[PDB]
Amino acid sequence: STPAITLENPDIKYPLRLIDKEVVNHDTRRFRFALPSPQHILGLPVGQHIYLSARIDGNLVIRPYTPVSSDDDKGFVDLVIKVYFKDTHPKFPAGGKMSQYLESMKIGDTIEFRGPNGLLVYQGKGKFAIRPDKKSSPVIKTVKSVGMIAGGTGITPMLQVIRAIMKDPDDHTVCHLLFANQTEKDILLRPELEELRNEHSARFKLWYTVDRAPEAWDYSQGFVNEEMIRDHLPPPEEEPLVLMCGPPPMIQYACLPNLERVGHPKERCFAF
């Protein structure tokens, strides 16, 4: 056989039950939901995401989230979601709609999932199928190495790709991750990230930057910049694919101009 698929139709919404919530850090959690049976798999190609939907305060709210589990996982899906709390930030008194709804869910509550979605699919052994837009067919890019620039929760699609590569011992793709967060305590999934480094150092290069660094710091500090991209992503001549995911200003000002500066062409770059 093959396992039963959860996301059988992309227009159907599937209500899934919350079964566990794990702290990632002060504002971020790992939400685990049960699939329709313990034998199901989600049905999500590597690189793709889902959407959650709920009527919040009387209005339908839809938001994408990027699972960090895979179709090898029977019976569950894991999401890693930053909660934007109310009554905290001076510019955002109300906080975030969906993220707080999720934070408020009790174990056994359901939320609607739909998918899969996204223009990139990792097909294994260095092959990426990337559509230029939703209305066009994919084109298949094989590379030997992948640069990854993530900011905050932009780690989630990167972790999906990294995990897929590392579990296949005949996948020789080398991933170079440059991960940016506001402070050291904001780093997400550090432990997990570090264990990948431990076990896969020939295939996985890891570097951090933080907007503000502690006195004890051995990594970079500040927004992603030209130097960091040279030093911590594969060079242009190696013809890598460069993946990027993070806040819109991060992409616009930190990533795009500096990728030009180093010489990574737009055709070998992809923003989630």
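Start at 1 with the first residue shown and count on from there.
The mean C-alpha temperature factor is higher for 130-138 when 130-138 and 108-116 are set side by side. As listed in the deposited structure, the average C-alpha B-factor of 95-103 and of 166-174 is greater for 166-174. Of the candidates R30, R63, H40, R230, the deposited coordinates give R230 the top C-alpha B factor. Per the PDB entry, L196 shows the highest C-alpha temperature factor of the residues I155, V77, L196, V146. When the modelled residues of the chain are ordered by C-alpha B-factor, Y219 sits in the highest third. In the deposited entry, the Cα temperature factor of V242 places it in the lowest third of its chain's modelled residues.
When the CA B factors of the chain's modelled residues are split into thirds, the value for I56 lands in the highest one. Compared with the other modelled residues of the chain, the Cα B-factor recorded for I12 ranks in the highest third.
In the deposited entry, the Cα temperature factor of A271 sits in the bottom third of values across the chain's modelled residues.
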